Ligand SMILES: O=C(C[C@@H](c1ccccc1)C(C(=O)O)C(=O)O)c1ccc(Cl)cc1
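Next up is one chain by itself, shown in structure tokens, the form solved without this ligand.
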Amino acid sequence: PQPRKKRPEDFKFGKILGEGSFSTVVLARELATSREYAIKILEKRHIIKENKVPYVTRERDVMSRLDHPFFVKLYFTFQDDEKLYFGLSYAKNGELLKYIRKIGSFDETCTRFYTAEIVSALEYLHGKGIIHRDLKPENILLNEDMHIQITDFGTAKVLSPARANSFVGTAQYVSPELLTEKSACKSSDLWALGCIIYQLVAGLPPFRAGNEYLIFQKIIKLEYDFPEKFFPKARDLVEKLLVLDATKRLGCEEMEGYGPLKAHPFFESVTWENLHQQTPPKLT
């Protein structure tokens, strides 16, 4: 028997944190507690006529199932005549993208630390049979303490008894199978992990071009290069993620799961069991 449904009147709304095609995220201070939430506001008419009800519903369903420190948390939901509100954990330090851009690229220690966190999140997600489908630095957020907080679950897939076909994520993190077989699997997220590691180190994602078509041509041909600089062990790890055959990516079920992934030499000095309680290294 939970507390009363909240209302917009219970909040003092502040700045917009971001805008999407279908939603807006706004900082709000709850008045009875003074707690700050990031409140995701979706308009019901726009959702209905853009046929997005399955996606908003999946978002709500999935977030309600997650209970882990590396995920943006859904505390509550309510609605008025026009709008839906998701009360979300407020991730103070913003997008991981912001930091890559600000410091250029990551040293080996910060790459290791954040890649390890991303790996733990995904192990947890995949253990629950959930594929993210649009993993990337824009939706890997950072809390006040600088730990990751992954978000944006409207576009997720929930497996049942490795299938999909409808949606295609952000061009650069899109996996080949989405472009050749339009089907998604947990492994699709591991491809996106390989891109993100490459990006943490190189400062830019591996497949880049002047438009989306050319990025897709590069992806299906596995057309990318490593900078000479690149941490050797991070290079070796990324080569075992950016594999065209999805049943052959490190961490996938056919490759015997997360153990071989977390054993990779690149993660040699990581203690996996308490990552969220370690003090993150400084950028930079």
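Throughout, we count residues from 1 along the sequence that is shown.
Absent from the display: the form deposited with this ligand bound. The rest refers to it.
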- If we take this ligand as it sits in the bound PDB entry and superpose the C-alphas round its site onto this chain, is the site open or blocked, where blocked means 3 or more ligand atoms come within 2.4 Å of a backbone or C-beta atom? open
- Task: Would you check whether this ligand, in the bound PDB entry, lies within 4.5 angstroms of a non-hydrogen atom from each of 44, 53 and 77?
- Result: yes
- Query: Just one of 108 to 116, 190 to 198, 81 to 89, 176 to 184 has heavy atoms within 4.5 Å of this ligand in the bound PDB entry; which?
  - Reply: 81 to 89
- Task: Using the partner position in the bound PDB entry, report whether residue 233 sits within 4.5 Å of this ligand, counting heavy atoms only.
- Result: no
- Message: in the bound PDB entry, is there a heavy atom of this ligand that lies within 4.5 Å of any heavy atom of residue 60, even though the partner is absent here?
- Response: yes
- Item | Touches this ligand in the bound PDB entry: residue 220 (any heavy atom, 4.5 Å) | no
- Is residue 5 close enough to this ligand in the bound PDB entry to count, meaning some heavy atom within 4.5 Å? yes
